[PDB]
Amino acid sequence: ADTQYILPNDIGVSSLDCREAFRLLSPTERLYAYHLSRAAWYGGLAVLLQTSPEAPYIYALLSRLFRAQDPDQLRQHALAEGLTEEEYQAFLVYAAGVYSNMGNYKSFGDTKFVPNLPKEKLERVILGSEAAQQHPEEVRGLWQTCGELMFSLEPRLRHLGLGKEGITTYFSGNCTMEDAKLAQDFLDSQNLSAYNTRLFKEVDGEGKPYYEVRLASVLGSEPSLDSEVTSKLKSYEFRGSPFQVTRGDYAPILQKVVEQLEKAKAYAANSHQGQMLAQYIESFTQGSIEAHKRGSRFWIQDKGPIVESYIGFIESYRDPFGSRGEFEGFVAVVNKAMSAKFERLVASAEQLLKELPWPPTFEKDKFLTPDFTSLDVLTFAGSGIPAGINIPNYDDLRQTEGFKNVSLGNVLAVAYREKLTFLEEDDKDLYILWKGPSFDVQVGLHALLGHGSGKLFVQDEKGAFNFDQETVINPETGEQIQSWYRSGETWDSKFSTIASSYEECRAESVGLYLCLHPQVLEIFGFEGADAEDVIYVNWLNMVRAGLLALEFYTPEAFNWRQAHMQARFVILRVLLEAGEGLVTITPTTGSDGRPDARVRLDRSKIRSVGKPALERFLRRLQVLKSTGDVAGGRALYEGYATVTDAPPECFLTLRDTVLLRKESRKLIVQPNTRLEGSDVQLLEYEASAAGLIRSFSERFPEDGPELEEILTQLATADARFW
Amino acid sequence: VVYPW
């Protein structure tokens with residue numbers, strides 16, 4: 001666990017490749033990508049504030065440091081100061097790792113990381129630097145501030161979480177889960193969306209806590225403009241404890257953002273963008289979520305756009321509670337050639353939903369061709385760059401009108417035999433061959449029928465429903481539905497901690513399930529000597545992932561650090577339970593002599609045993625999701641998600657091997673867009689920590705020290721919570 | 001909602 005918290009100097013780095021796709025765009029489309037890229041870039045910094053207390057200061061310090069001297073320039077100083085190269089290089093790694101993750105905690109696994117190097121040396125490198133001979137006040141006023149927490153390994157700072165265990169800036173420092181829950185119910189009572197809000201608890205002389213629910217908006221509480229949020233800014237009372245709904249969270253940043261978006265408007269290919277954008281403006285201005293909802297609908301009402309875009313507080317993964325969303329944004333061009341091979345899958349999508357283990361009344365009421373694309377990414381702001389996504393994240397819309405499916409094409413081209421660990425010399429062959437092609441399948445299904453399926457049972461205001469009660473029955477029980485989602489209630493608001501992992505698990509499982517279908521393979525051009533292989537490598541990869549997931553599980557807190565990995569582990573356990581020698585984990589020994597493991601998946605037993613385990617599973621998951629049954633959902637999940645040393649596996653003992661063979665993910669550098677006035681051009685870098693540093697130091701040529709200054713301030717304001 | 005690489 002020494003290296004759990006550091007980034008190896010040899011970490012792989014790749015540059016997102018988009019040129020052609022950016023070229024084909026005529027100037028109008030171009031700028032219409034441009035300003036969105038810049039807005040996204042502007043807003044993505046708030047992730048520093050949403051990640052760690054010391055993050056913003058770090059970003060400022062780094063940006064300045066490299067602004068004064070680039071990697072090659074600062075190198076000479078670093079080395080001259082007595083640093084061996086292998087040290088400085090590790091520093092560069094740490095900076096790039098803070099840039100890509102928009103913080104000092106990994107977007108994947110939510111674990112802290114520090115520069116690998118003696119502190120006393122970096123003190124030198126930073127102080128003796130050119131940047132410190134120019135503004136010697138700042139460098140010391142920062143280095144003294146964020147210096148330690150940069151390298152701090154103290155147990156409680158290692159992972160993310162509420163209470164004494166971890167660190168989260170979504171909440172104040174004194175908040176426990178109890179608070180997230182209380183304030184949660186309080187949010188659903190007034191039906192406030194938890195996405196854009198943060199909870200800050202405070203205490204007076206007597207031990208009575210008061211709660212500040214803050215919203216992210218450009219305009220803090222002041223004489224209002226007469227919007228929704230207007231009437232919503234006031235004091236409330238909840239169960240012997242006070243509540244206050246306020247706004248103005250990360251204001252100036254969103255100033256910049258709304259700017260760039262409005263600059264985006266006039267270039268819109270149709271009314272849809274030009275308006276939905278404005279809606280986003282409203283949302284990031286008033287702090288009104290509904291405003292984002294509207295533009296979220298418009299965004300699907302728009303189809304087949306040359307340039308695809310989106311932004312907001314969206315994915316809820318990194319909230320210890322699981323409600324509040326992490327800000328992001330993206331602008332990417334739609335590739336045509338690879339999209340048709342998806343649109344196909346959309347055309348025949350209708351049928352498949354009815355192949356799911358639950359009756360048509362347990363599934364969404366109509367259907368759609370919401371969209372499925374292949375996007376070459378230009379700008380993706382925030383902590384990470386997903387392979388594919390299904391949004392907007394509002395379920396209600398998913399059933400009523402629709403959603404969208406997004407397969408990013410050029411991220412793939414980036415991520416692709418001794419590192420094949422926990423496989424066999426066969427296998428890995430098939431793995432190398434079919435991993436890439438199958439990837440598209442698993443993603444298409446995950447996105448389309450993963451979250452595309454399912455239906456929520458909600459109680460509308462009046463005692464009526466969104467469905468017909470007397471005709472609906474639970475196949476597991478046989479009774480008539482006794483549970484549902486009532487007004488203001490939502491997936492995250494109920495399942496919370498599990499909601500993300502649970503849902504993801506469902507999606508992936510449907511992935512395998514339908515991956516077993518001849519049709520889908522015919523869509524991806526797989527059959528005969530082909531249709532085997534791909535399927536196999538897919539399932540095999542799923543079980544293997546189930547094994548690797550151990551790394552992201554914290555036994556001491558009995559807590560999982562990720563939704564996807566945890567879900568994968570769960571699926572693995574289900575398969576294991578199916579038994580019949582279909583799956584095996586063997587405590588082998590690697591050629592190096594150290595410990596090791598080999599995952600053994602009998603392929604012949606796939607349909608005879610595994611499938612049943614699956615559709616039973618899916619059946620249960622769905623069933624509990626429709627009625628929104630948390631008791632059964634958890635009991636069924638946290639049981640499956642439990643990690644112990646019981647044989648004939650001993651996951652507690654395996655986890656160590658998983659950590660020894662552990663991998664550290666690579667970094668994806670991103671290109672910029674420079675404004676020439678009447679023209680715009682693209683700025684690309686090398687694939688390396690250095691290149692990425694160069695990408696970030698050039699990211700904000702105009703306001704860079706201004707933005708740095710902001711982050712510094714916005715941090716200093718809330719410094720009293722941690 | 002995200003499916004990672």
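What is reported rests on the model, the rules as stated and the sources as named; no laboratory instrument gave them. We place every Cβ from the backbone using ideal geometry, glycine too, and count neighbours over all the protein chains shown.
In this structure, does A:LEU117 turn out to be in the same structural domain as A:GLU154 (by CATH), in a loop (DSSP other than H, G, I, E, B) and among the hydrophobic types (A, V, I, L, M, F, W, C)? Steps first, answer last, please.
On the way: in the same structural domain as A:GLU154 (by CATH): yes; in a loop (DSSP other than H, G, I, E, B): yes; among the hydrophobic types (A, V, I, L, M, F, W, C): yes.
Yes.
Look through the range A:226-267, keep the residues that are among the hydroxyl-bearing types (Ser, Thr, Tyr) and part of a helix (DSSP H, G or I), and return whichever of them is farthest from A:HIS292 (Cα to Cα).
Of everything passing the filter in the range A:226-267, A:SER231 is farthest from A:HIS292 (Cα to Cα).
Restricting to the range A:294-343, what's the tally of residues that are surrounded by fewer than 21 Cβ atoms within 10 Å (Cβ to Cβ) and within 22 Å of A:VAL218 (Cβ to Cβ)?
Of the residues in that region, 2 qualify.
Please go through the range A:464-499 and pick out each residue that is within 14 Å of chain B (Cβ to nearest Cβ) and either part of a loop (DSSP other than H, G, I, E, B) or closer than 20 Å to A:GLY402 by Cα (or both).
The answer is A:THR490, A:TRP491, A:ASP492.
A:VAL623: over 26 Å from A:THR584 (Cα atoms), among the hydrophobic types (A, V, I, L, M, F, W, C) and not in a loop (DSSP other than H, G, I, E, B), yes or no?
On the way: over 26 Å from A:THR584 (Cα atoms): yes; among the hydrophobic types (A, V, I, L, M, F, W, C): yes; not in a loop (DSSP other than H, G, I, E, B): yes.
Judged against the criteria, A:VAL623 is a match.
Please enumerate the residues belonging to the range A:393-422 that are within 14 Å of chain B (Cβ to nearest Cβ) and farther than 18 Å from A:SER296 by Cα.
Initial filter on the range A:393-422 (within 14 Å of chain B (Cβ to nearest Cβ)): A:393-395, A:397-398, A:403-416.
Selection gives A:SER407, A:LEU408, A:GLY409, A:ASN410, A:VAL411, A:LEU412, A:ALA413, A:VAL414, A:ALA415, A:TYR416.
Within the range A:574-585, is there a residue that is in the same structural domain as A:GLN459 (by CATH), in a loop (DSSP other than H, G, I, E, B), in contact with a helix residue (DSSP H, G or I) (Cβ under 6 Å, 6 or more places away or on another chain) and not small (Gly, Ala, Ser)? Reasoning before the result, please.
Our first condition is that a residue be in the same structural domain as A:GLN459 (by CATH); within the range A:574-585, this holds for A:574-585.
Those left that are additionally in a loop (DSSP other than H, G, I, E, B): A:579-582.
Next cut, in contact with a helix residue (DSSP H, G or I) (Cβ under 6 Å, 6 or more places away or on another chain) only: A:580, A:582.
The next check asks that each one be not small (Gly, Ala, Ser); those that pass are A:580, A:582.
Yes: the range A:574-585 contains one or more residues that are in the same structural domain as A:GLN459 (by CATH), in a loop (DSSP other than H, G, I, E, B), in contact with a helix residue (DSSP H, G or I) (Cβ under 6 Å, 6 or more places away or on another chain) and not small (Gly, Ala, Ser).
Residue check, A:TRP539 against (1) part of a helix (DSSP H, G or I); (2) closer than 20 Å to A:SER193 by Cβ, all met but one. Which one?
Condition not satisfied by A:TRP539: (2).
Starting from residues that are under 22 Å from A:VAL98 (Cβ atoms) and among the basic types (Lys, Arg), keep the ones in the range A:131-186 and report whichever is surrounded by the fewest Cβ atoms within 10 Å (Cβ to Cβ).
The selected residue is A:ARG156.
Just one of the numbered conditions (1) under 26 Å from the mean Cα position of the chain (by Cα); (2) under 27 Å from A:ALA180 (Cβ atoms) is not true of A:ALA447; which one?
Checking A:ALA447 against (1) under 26 Å from the mean Cα position of the chain (by Cα); (2) under 27 Å from A:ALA180 (Cβ atoms), the one that fails is (2).
So for the range A:587-597 (the condition being assigned by CATH to the domain that holds A:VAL643, surrounded by 16 or more Cβ atoms within 10 Å (Cβ to Cβ) and within 25 Å of A:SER323 (Cβ to Cβ)), does at least one residue qualify?
No, the range A:587-597 has no match at all.
Could you tell me whether A:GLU350 is more than 14 Å from chain B (Cβ to nearest Cβ) and closer than 11 Å to A:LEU448 by Cα? Show your work before the answer.
Working: more than 14 Å from chain B (Cβ to nearest Cβ): yes; closer than 11 Å to A:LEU448 by Cα: yes.
Taking the combined requirement at face value, the residue satisfies it.
Return the pairs, sorted by first residue and then second, in which the second residue is among the aliphatic types (A, V, I, L, M) and not in a strand (DSSP E or B), the first residue lies in the range A:293-318 and is assigned by CATH to the domain that holds A:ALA40 and closer than 28 Å to A:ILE498 by Cα, the beta carbons are less than 6 Å apart, and the residues are 6+ apart or on different chains.
A:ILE311/A:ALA40; A:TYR317/A:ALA563
Before we move on, is A:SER604 out of contact with any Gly (no Cβ under 8 Å at 6 or more places or on another chain), among the polar types (S, T, N, Q) and under 13 Å from A:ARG661 (Cα atoms)?
Working: out of contact with any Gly (no Cβ under 8 Å at 6 or more places or on another chain): yes; among the polar types (S, T, N, Q): yes; under 13 Å from A:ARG661 (Cα atoms): no.
It is false that A:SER604 is out of contact with any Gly (no Cβ under 8 Å at 6 or more places or on another chain), among the polar types (S, T, N, Q) and under 13 Å from A:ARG661 (Cα atoms).
Go through the range A:393-416 and give me each residue that's closer than 23 Å to A:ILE668 by Cα, among the hydrophobic types (A, V, I, L, M, F, W, C) and buried (at least 18 other Cβ atoms within 10 Å of the Cβ).
Passing the criteria: A:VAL406, A:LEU408, A:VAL411, A:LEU412, A:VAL414.
For residues that are loosely packed, with under 15 Cβ neighbours inside 10 Å and within 32 Å of the chain's Cα centre (by Cα), tally how many sit in the range A:598-613. It would help to see each step written out before you state the result.
Residues of the range A:598-613 loosely packed, with under 15 Cβ neighbours inside 10 Å: A:602, A:604, A:607-608, A:612.
Checking the rest, the ones that are also within 32 Å of the chain's Cα centre (by Cα) come to A:612.
Count: 1.
With the requirement that a residue be buried (at least 18 other Cβ atoms within 10 Å of the Cβ), more than 11 Å from chain B (Cβ to nearest Cβ) and under 22 Å from A:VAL599 (Cβ atoms), what does the range A:436-452 give you?
A:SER438, A:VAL441
How many residues, within the range A:362-392, are surrounded by fewer than 22 Cβ atoms within 10 Å (Cβ to Cβ) and more than 14 Å from chain B (Cβ to nearest Cβ)?
Total satisfying the criteria: 7.
A:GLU461 - would you say it is over 33 Å from the mean Cα position of the chain (by Cα) and assigned to a loop (DSSP other than H, G, I, E, B)? Break it down stepwise before answering.
Numbers: over 33 Å from the mean Cα position of the chain (by Cα): no; assigned to a loop (DSSP other than H, G, I, E, B): yes.
When the stated conditions are applied, A:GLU461 does not pass them.
Within the range A:112-127, how many residues are touching a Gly at 6+ places or on another chain (Cβ under 8 Å) and farther than 18 Å from A:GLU54 by Cβ?
Number satisfying all stated conditions: 2.
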